[PDB]
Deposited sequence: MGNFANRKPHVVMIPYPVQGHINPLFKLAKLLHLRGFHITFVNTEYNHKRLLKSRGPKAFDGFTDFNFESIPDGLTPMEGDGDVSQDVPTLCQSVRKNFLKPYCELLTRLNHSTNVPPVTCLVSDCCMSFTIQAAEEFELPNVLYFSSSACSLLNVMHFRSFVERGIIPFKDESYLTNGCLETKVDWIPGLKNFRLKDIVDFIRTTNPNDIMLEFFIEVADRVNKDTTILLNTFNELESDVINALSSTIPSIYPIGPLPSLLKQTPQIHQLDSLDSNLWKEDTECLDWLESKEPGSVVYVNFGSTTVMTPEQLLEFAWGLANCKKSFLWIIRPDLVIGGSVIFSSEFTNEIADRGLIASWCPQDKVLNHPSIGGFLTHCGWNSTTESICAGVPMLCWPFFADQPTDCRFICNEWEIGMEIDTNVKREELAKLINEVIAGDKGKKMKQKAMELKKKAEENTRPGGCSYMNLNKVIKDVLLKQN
């Protein structure tokens, strides 16, 4: 029986997509061993969840640092045990998060096929594969902090085939450093160097969404395989719901289609109370209905921003909640827009829901996604880093009732349709996954 060991980078944003893939692989006959760090295994509490220590006393740089040296050993020990266990069949293959590059070494040692899953866009991958070049070209690290204000970030990156209108500012922002020993930069350069012509890499995207970028990547990594978007794939997967083991949706049911702006900046990052205030009043001042998922208590002095004055004002238009089943919300007919940091999971989900976006890029691949969302796909607009209510209210209204908004909804719906055609019989993303399983994962 096929037995795949799966391990994602230790953050929710990476665990979630790989878990979805895990469910797909399980439906396909694979005995699954999903490997979380103790920390993540605690939170979450032929499909077995295992855990390994992360070697820490979470901070991304610190985690990445531990991942580069403290995961190989316990990981291999786990493989050894699984191979000598009487409770489960021996391991036949590995599906590893691209950021967990130590698995490549493990795979060679245990002589096992290892398919990598990159959790971000094809463009982000292309960026990562070139971090090394930015250094060799003498571009990064920058000489000093003045690069943040001297217009250096506006510089166009035109030496990377496949990228059309990119600026240094749009590159996965880990290049933004003045430190030659920067953890993140070195982490990703190591990841990129471990990838070669024989590496099979799965991407949560589809051909049409990133055509030039994908073609460009394929010249270096011929075995890059778009198998997404995951949302559309799972949605159209027979019997997917048997692996499926409130007030918000009720609130939305009475709203006119496309009239509600959905806001959710995730928990992974807490914003400034100054920023928190501009969003609250920007939302209140636009006069549009809105569902805002946020935990004010996390923000220092945040709960105070939600005054009795604010509460009365939004009385007939907005609802603040601590959590919500994002999938069902994004796909609710009342949603007319999605305010987000535009990380990859959010972007693909919004695309699959056919919902225009409003991006507020914070870090990593967010500005990268924003650049495509704004200039390539034209299904959204960008919010200034230093958010201000007046301008925010304007952007929201443009998307919700303006002419630009209608055009973005149109382009979003177009992408939604192709996302779905790609992830069902006859579609390339769908066919690509079948091919990887058949030609690589299976003996």
Legend entry - Missing segments of the deposited chain sequence, listed N- to C-terminal: 1-7, 53-64, 77-85, 274-282, 481-482
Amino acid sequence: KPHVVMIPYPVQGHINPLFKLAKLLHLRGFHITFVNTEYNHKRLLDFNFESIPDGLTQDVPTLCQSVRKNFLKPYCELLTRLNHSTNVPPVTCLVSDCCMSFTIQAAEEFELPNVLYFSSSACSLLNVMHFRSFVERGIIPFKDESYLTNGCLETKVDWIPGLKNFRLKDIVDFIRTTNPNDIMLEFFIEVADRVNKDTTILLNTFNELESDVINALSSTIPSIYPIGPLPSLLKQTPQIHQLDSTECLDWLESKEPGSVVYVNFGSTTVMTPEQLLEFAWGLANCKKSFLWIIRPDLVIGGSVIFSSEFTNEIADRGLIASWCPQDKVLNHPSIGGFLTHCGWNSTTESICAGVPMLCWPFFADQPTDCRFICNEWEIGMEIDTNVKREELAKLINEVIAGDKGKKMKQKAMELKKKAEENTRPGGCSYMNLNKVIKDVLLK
From here on, numbers count along this sequence of modelled residues.
Inset, instruction - Please work out which of 270-278 and 131-139 has the higher mean CA B-factor as recorded in the PDB entry. - result: 270-278
Legend entry - Average Cα temperature factor in the PDB entry - higher stretch of 60-68, 381-389: 381-389
Inset, instruction - Among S223, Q239, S96, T311, single out the one with the highest C-alpha B factor in the record, please. - result: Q239
Legend entry - Maximum C-alpha temperature factor, selected from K42, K417, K407, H26: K42
Inset, instruction - Check where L442 lands among this chain's C-alpha B-factors and tell me if it's the lowest, middle or highest third. - result: highest
Inset, instruction - Rank-wise, by C-alpha B-factor, drop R317 into the lowest, middle or highest third of its chain. - result: highest
Inset, instruction - Just say lowest, middle or highest third for the CA B-factor of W292 relative to the other modelled residues in its chain. - result: middle
Legend entry - Lowest, middle or highest third - CA B-factor, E208: middle
Inset, instruction - Could you look up the Cα B-factor of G151 in the entry and say which third of the chain it sits in: lowest, middle or highest? - result: highest
